[PDB]
Amino acid sequence: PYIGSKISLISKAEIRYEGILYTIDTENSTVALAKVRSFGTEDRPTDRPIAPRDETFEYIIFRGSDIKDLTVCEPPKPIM
């Protein structure tokens, strides 16, 4: 559970990924992802409810201009 803003980003190859957004460089439109992974139940339907203990290995920064689609689920700041 928790961590960051859950979004789905589609890269230039029209490939979708779900993760938690960490930072976005508005100048180059570059998206900084960290711990991109699905969120909710492991290989088990939570036989033991999982707490936020997760580490970042799959993280990646995208060129931004190479994004096909940015769909967000939760807006951190409604007022910018």
# chains A, B, ... in the order shown; residues from 1 in each chain; ligands from 1

$ select_by_dssp --residues "chain A" --states "strand (DSSP E or B)" --output "ChimeraX atom specification"
/A:5-11,15-25,30-34,60-62,67-72

$ write_last_selection --atoms "N, CA, C and O atoms" --output "short mmCIF file (atom, residue, chain, number, x, y, z; two decimals), in the first residue's frame"
data_model
loop_
_atom_site.label_atom_id
_atom_site.label_comp_id
_atom_site.auth_asym_id
_atom_site.auth_seq_id
_atom_site.Cartn_x
_atom_site.Cartn_y
_atom_site.Cartn_z
N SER A 5 2.00 8.62 -5.80
CA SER A 5 0.79 8.78 -6.61
C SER A 5 0.72 7.67 -7.64
O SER A 5 1.64 7.49 -8.44
N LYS A 6 -0.37 6.94 -7.64
CA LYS A 6 -0.53 5.79 -8.52
C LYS A 6 -0.98 6.27 -9.88
O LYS A 6 -2.03 6.93 -10.01
N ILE A 7 -0.21 5.97 -10.89
CA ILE A 7 -0.53 6.41 -12.23
C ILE A 7 -0.20 5.29 -13.20
O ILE A 7 0.47 4.32 -12.83
N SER A 8 -0.64 5.42 -14.40
CA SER A 8 -0.30 4.51 -15.41
C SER A 8 0.32 5.30 -16.55
O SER A 8 -0.26 6.27 -17.05
N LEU A 9 1.51 4.91 -16.90
CA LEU A 9 2.27 5.59 -17.91
C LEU A 9 2.49 4.67 -19.08
O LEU A 9 2.86 3.51 -18.90
N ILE A 10 2.21 5.15 -20.25
CA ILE A 10 2.48 4.41 -21.43
C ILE A 10 3.70 4.99 -22.16
O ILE A 10 3.70 6.17 -22.54
N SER A 11 4.73 4.16 -22.32
CA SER A 11 5.96 4.57 -22.97
C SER A 11 5.79 4.59 -24.49
O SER A 11 4.78 4.07 -25.01
N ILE A 15 3.50 0.86 -24.42
CA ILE A 15 3.55 -0.10 -23.33
C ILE A 15 3.10 0.56 -22.04
O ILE A 15 3.65 1.60 -21.66
N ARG A 16 2.13 -0.04 -21.37
CA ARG A 16 1.58 0.50 -20.11
C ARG A 16 2.34 -0.02 -18.88
O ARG A 16 2.76 -1.17 -18.83
N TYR A 17 2.51 0.85 -17.90
CA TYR A 17 3.13 0.50 -16.63
C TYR A 17 2.33 1.18 -15.52
O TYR A 17 1.82 2.29 -15.72
N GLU A 18 2.19 0.53 -14.38
CA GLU A 18 1.57 1.13 -13.23
C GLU A 18 2.58 1.26 -12.10
O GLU A 18 3.33 0.34 -11.82
N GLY A 19 2.61 2.41 -11.47
CA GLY A 19 3.55 2.64 -10.39
C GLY A 19 3.18 3.85 -9.63
O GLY A 19 2.09 4.41 -9.82
N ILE A 20 4.07 4.26 -8.79
CA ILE A 20 3.89 5.42 -8.05
C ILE A 20 4.87 6.55 -8.42
O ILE A 20 6.08 6.48 -8.24
N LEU A 21 4.32 7.53 -9.05
CA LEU A 21 5.02 8.75 -9.49
C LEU A 21 5.71 9.43 -8.32
O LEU A 21 5.12 9.57 -7.21
N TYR A 22 6.97 9.85 -8.55
CA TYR A 22 7.78 10.48 -7.53
C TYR A 22 8.05 11.97 -7.86
O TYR A 22 7.89 12.83 -7.00
N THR A 23 8.46 12.26 -9.08
CA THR A 23 8.77 13.65 -9.49
C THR A 23 8.59 13.80 -11.01
O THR A 23 8.69 12.80 -11.75
N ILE A 24 8.28 15.01 -11.48
CA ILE A 24 8.15 15.29 -12.91
C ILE A 24 8.89 16.58 -13.22
O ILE A 24 8.65 17.61 -12.58
N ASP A 25 9.79 16.54 -14.18
CA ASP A 25 10.52 17.73 -14.58
C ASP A 25 9.72 18.40 -15.67
O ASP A 25 9.81 18.02 -16.84
N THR A 30 9.90 15.32 -18.50
CA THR A 30 10.45 14.06 -18.14
C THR A 30 9.83 13.54 -16.83
O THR A 30 9.65 14.30 -15.86
N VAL A 31 9.49 12.28 -16.83
CA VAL A 31 8.82 11.68 -15.70
C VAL A 31 9.81 10.82 -14.91
O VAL A 31 10.46 9.93 -15.49
N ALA A 32 9.92 11.08 -13.62
CA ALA A 32 10.79 10.31 -12.76
C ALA A 32 9.99 9.31 -11.97
O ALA A 32 9.24 9.67 -11.04
N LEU A 33 10.11 8.07 -12.36
CA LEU A 33 9.43 7.01 -11.69
C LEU A 33 10.33 6.28 -10.74
O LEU A 33 11.54 6.15 -10.96
N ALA A 34 9.72 5.77 -9.71
CA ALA A 34 10.35 5.07 -8.68
C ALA A 34 9.37 4.06 -8.23
O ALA A 34 8.21 4.38 -8.14
N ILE A 60 12.71 3.95 -13.15
CA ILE A 60 13.23 4.42 -14.42
C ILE A 60 12.73 5.86 -14.71
O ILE A 60 11.64 6.26 -14.28
N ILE A 61 13.56 6.64 -15.38
CA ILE A 61 13.23 8.00 -15.75
C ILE A 61 12.98 8.03 -17.24
O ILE A 61 13.79 7.53 -18.02
N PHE A 62 11.89 8.60 -17.64
CA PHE A 62 11.53 8.65 -19.03
C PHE A 62 11.77 10.03 -19.62
O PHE A 62 11.64 11.03 -18.94
N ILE A 67 6.44 9.77 -24.10
CA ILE A 67 5.28 9.18 -23.43
C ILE A 67 4.06 9.23 -24.34
O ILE A 67 3.76 10.26 -24.93
N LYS A 68 3.38 8.12 -24.44
CA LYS A 68 2.19 8.01 -25.26
C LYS A 68 0.95 8.41 -24.48
O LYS A 68 -0.02 8.88 -25.07
N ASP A 69 0.98 8.23 -23.16
CA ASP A 69 -0.20 8.54 -22.32
C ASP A 69 0.14 8.57 -20.83
O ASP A 69 0.88 7.71 -20.33
N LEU A 70 -0.36 9.59 -20.16
CA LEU A 70 -0.19 9.74 -18.72
C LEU A 70 -1.54 9.81 -18.03
O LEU A 70 -2.18 10.86 -18.03
N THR A 71 -1.97 8.73 -17.47
CA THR A 71 -3.23 8.69 -16.77
C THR A 71 -3.00 8.55 -15.25
O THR A 71 -2.43 7.56 -14.79
N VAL A 72 -3.42 9.57 -14.51
CA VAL A 72 -3.24 9.61 -13.06
C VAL A 72 -4.49 9.11 -12.33
O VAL A 72 -5.60 9.17 -12.87
#

$ residues_around --residues "residue A:39" --least-positions-apart "2" --cutoff "8 Å" --atoms "only C-alpha atoms" --output "PDB file with C-alpha atoms, in the first residue's frame"
ATOM      1  CA  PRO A   1       0.000   0.000   0.000  1.00  0.00           C
ATOM      2  CA  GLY A  19       3.546   2.645 -10.390  1.00  0.00           C
ATOM      3  CA  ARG A  37       4.890  -1.956  -9.756  1.00  0.00           C
ATOM      4  CA  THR A  41      -2.324  -8.190  -3.084  1.00  0.00           C
TER       5      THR A  41
END

$ atom_distance --atom1 "atom CA of residue A:14" --atom2 "atom CA of residue A:74"
22.2 Å

$ decode --residues "stretch 2-76 of chain A" --atoms "C-alpha atoms" --output "compact mmCIF listing (two decimals), in the first residue's frame"
# COMPACT_ATOMS: atom_id res chain seq x y z
CA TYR A 2 0.67 3.82 -0.12
CA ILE A 3 4.08 5.42 -1.08
CA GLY A 4 3.32 7.77 -3.95
CA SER A 5 0.79 8.78 -6.61
CA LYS A 6 -0.53 5.79 -8.52
CA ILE A 7 -0.53 6.41 -12.23
CA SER A 8 -0.30 4.51 -15.41
CA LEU A 9 2.27 5.59 -17.91
CA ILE A 10 2.48 4.41 -21.43
CA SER A 11 5.96 4.57 -22.97
CA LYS A 12 6.76 5.37 -26.69
CA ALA A 13 6.28 1.67 -27.63
CA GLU A 14 2.69 1.93 -26.40
CA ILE A 15 3.55 -0.10 -23.33
CA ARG A 16 1.58 0.50 -20.11
CA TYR A 17 3.13 0.50 -16.63
CA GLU A 18 1.57 1.13 -13.23
CA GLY A 19 3.55 2.64 -10.39
CA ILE A 20 3.89 5.42 -8.05
CA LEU A 21 5.02 8.75 -9.49
CA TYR A 22 7.78 10.48 -7.53
CA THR A 23 8.77 13.65 -9.49
CA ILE A 24 8.15 15.29 -12.91
CA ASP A 25 10.52 17.73 -14.58
CA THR A 26 8.03 20.05 -16.20
CA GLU A 27 10.77 21.74 -18.37
CA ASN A 28 11.55 18.56 -20.37
CA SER A 29 8.28 16.86 -19.47
CA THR A 30 10.45 14.06 -18.14
CA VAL A 31 8.82 11.68 -15.70
CA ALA A 32 10.79 10.31 -12.76
CA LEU A 33 9.43 7.01 -11.69
CA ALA A 34 10.35 5.07 -8.68
CA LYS A 35 8.98 1.75 -7.63
CA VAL A 36 6.86 1.17 -10.63
CA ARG A 37 4.89 -1.96 -9.76
CA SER A 38 1.29 -3.07 -9.31
CA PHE A 39 -0.34 -2.17 -5.95
CA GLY A 40 -2.72 -4.53 -4.19
CA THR A 41 -2.32 -8.19 -3.08
CA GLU A 42 0.69 -10.32 -3.75
CA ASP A 43 0.71 -13.96 -5.12
CA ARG A 44 -1.82 -14.43 -2.38
CA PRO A 45 -5.13 -12.52 -1.88
CA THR A 46 -3.44 -11.01 1.16
CA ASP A 47 -3.55 -13.95 3.58
CA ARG A 48 -1.45 -11.61 5.58
CA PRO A 49 -2.26 -7.95 4.86
CA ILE A 50 0.75 -6.20 3.45
CA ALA A 51 2.10 -3.07 4.96
CA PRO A 52 4.20 -0.42 3.06
CA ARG A 53 7.47 -2.20 2.94
CA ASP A 54 8.62 -1.96 -0.57
CA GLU A 55 11.92 -1.10 -2.22
CA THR A 56 12.83 0.54 -5.46
CA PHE A 57 14.63 -1.64 -8.06
CA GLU A 58 12.46 -1.36 -11.23
CA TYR A 59 12.54 2.51 -11.20
CA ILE A 60 13.23 4.42 -14.42
CA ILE A 61 13.23 8.00 -15.75
CA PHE A 62 11.53 8.65 -19.03
CA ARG A 63 12.38 11.27 -21.68
CA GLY A 64 8.83 12.62 -21.30
CA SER A 65 8.51 13.43 -24.96
CA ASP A 66 8.51 9.61 -25.35
CA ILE A 67 5.28 9.18 -23.43
CA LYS A 68 2.19 8.01 -25.26
CA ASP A 69 -0.20 8.54 -22.32
CA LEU A 70 -0.19 9.74 -18.72
CA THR A 71 -3.23 8.69 -16.77
CA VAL A 72 -3.24 9.61 -13.06
CA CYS A 73 -5.44 8.15 -10.32
CA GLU A 74 -4.84 10.59 -7.44
CA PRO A 75 -3.89 14.31 -7.76
CA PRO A 76 -1.42 15.22 -4.91
